[PDB]
Each structure stands twice: as structure tokens, then as C-alpha cells.
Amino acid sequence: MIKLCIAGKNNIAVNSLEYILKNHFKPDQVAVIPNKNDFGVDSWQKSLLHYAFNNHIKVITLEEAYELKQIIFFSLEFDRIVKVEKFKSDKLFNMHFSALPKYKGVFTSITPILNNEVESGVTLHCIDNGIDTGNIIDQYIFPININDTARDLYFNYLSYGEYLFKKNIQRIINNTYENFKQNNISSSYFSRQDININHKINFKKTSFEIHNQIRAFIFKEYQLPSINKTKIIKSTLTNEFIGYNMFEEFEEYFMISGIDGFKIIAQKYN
């Protein structure tokens, strides 16, 4: 019988499945639900379907998972909203890429940088019918490094999320895990509508904030931001005072300061 389903994508799903097969269940006891964008090829992330091909793991549909009594359903960057009533199992779990209750919703590699955070986290929670609202089982809070891009933060999510899954999976299998109501205070949410990938930079901001408005959008597989129609691959915030509200194009980089006058080096793609 299928004891566990991994639904989702990327290194967190693959490496979590790997850890299951090494320590808990056999290929017959596990199934995958891939994302609509999985096409069997490793690239900047490993493919779940490719892992499933290599290890003889069967694909199921959501509808199939609904009817599997006492399946552990683990959502690891799964692309589908799930109604808990459809599931015969109530052992439904999700790894969300934020320090819940903050930064519910999407683009959580962009939203904390853009909203001036210096920390984020990964949260293992119970799935309920709301978006990232379910009861928290565990959480790892970690720094946003000052020059991290959205891509760096995403990679840290994948890594800490894998660690949190590994740490918690035994008590989830054994059904000896605790869960707690999420606080209503400091609860925040961003829908897709709340992010403009092409947003005009506001230069009437601090160096930290101009730097954030650039680096929140540096994620080359998706996009790079532009200044004067030139793509930016990296932004560096220094503590060097160069004067208020500076802007100078060199051939390889822009030198920028905001209202507090700290030097930013924005490296051009050219």
C-alpha cells in the first residue's frame, strides 16, 4: 500500500523522497504528484519525475491521493490548492517558505527582501483550507544575508526546508508531533497581484531599500531587474557614505546611494 505521497518539485521534494526511501518506506509504499511544469529533466533544480523514473516510483493524481486512507500527504512546493474535505486522510502536511505567520502566499523569496526583512524561515505546518494558515509543527528562522538575491534566499529555503522535513518526519510517521494555532498578530500575506516583477525602482528611498528593490528581483531563471534598460546580476550594499541621492553609470556597474547616502554597487549583466 502507498504510505506516503510527495507532491511538489525541486531539490526539497527529491531529497526529501530520497531520505524517505533510505530510512522509512520502500518504493512500493511511496508515490509522487509532480507540478504541471515538471518535464523529467534536472537543471538548476533536480526533477521529481526524473527521480521517480530512476527509482521506479509511481505517479498518482490528487484524486487518487484523496481516496488513499491514512496516506501521509507531504506538499513540498506543490502547485495546487487542496481542500482537506476531499481527503480521507487528515495527515496532510506542507513546508511553507516563510517564518509563519509572516509572508503567507506566494513569491516568498521576493516579499521579505522587498519589505526590508533581515530574517526569514521555513515552516512545516498542517494543511487546512486557507492559504498557509494551518497549525505550525516546526520552524527554522535564518538570516537574509545583506547581499542575498531572491535566488540565494530561495536556495536557503530549499536547504533549510529539507533539514526541517528530515528533523520532523519520524514524529510525523509515528503521529507523536505537536501542532499550534498560528497567531493572528504579525500574520501577513502576498498574492501574485501584489508583486509587479517590472516595478519602477523608487530612488527616493534608503540605500538598503534601493538595494532591496533590485536584489528582490535577481533570479536569472525567471528575470533580472533593469536600471536605464540594463539588466543587473548582483547588488552590493556597502556602509561607505558617498553623499545623498547619488547615481552614476560606469561600464560594468551603477554606483547608487539613497536618502541616507550609502554606496550601492549594482553589477551590470553586460
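Numbers follow the displayed sequence, beginning with 1.
J.: Tell me which of 125-133 and 86-94 has the higher mean C-alpha B-factor in the deposited entry.
T.: Result: 86-94.
J.: Please compare 150-158 with 70-78 and name the stretch with the higher mean C-alpha B-factor in the deposited structure.
T.: On average, C-alpha B-factors are higher across 70-78.
J.: Of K234, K220, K36, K205, which one's C-alpha B factor is largest in the deposited record?
T.: Answer, based on the entry's C-alpha B-factors: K36.
J.: Among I197, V118, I110, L100, where is the Cα B factor highest in this entry?
T.: Comparing C-alpha B-factors across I197, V118, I110, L100, the top value belongs to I197.
J.: Using only modelled residues of the chain, where does the Cα B factor of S47 rank: lowest third, middle third or highest third?
T.: Middle third - that is where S47 ends up once the chain's C-alpha B-factors are sorted.
J.: When the deposited Cα B-factors of this chain's modelled residues are ordered and cut into thirds, is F262 in the lowest, the middle or the highest one?
T.: Its C-alpha B-factor, which the entry lists for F262, ranks in the lowest third among residues of this chain.
J.: C-alpha B factor of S187, ranked within the chain: lowest, middle or highest third?
T.: Its C-alpha B-factor belongs to the lowest third of this chain's values.
J.: Please rank the C-alpha B-factors of the chain's modelled residues and tell me whether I57 sits in the lowest, middle or highest third.
T.: Highest third of the chain for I57's C-alpha B-factor.
J.: Divide the modelled residues of the chain into thirds by Cα B-factor and specify which third, lowest, middle or highest, holds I173.
T.: It falls in the top third of the chain.
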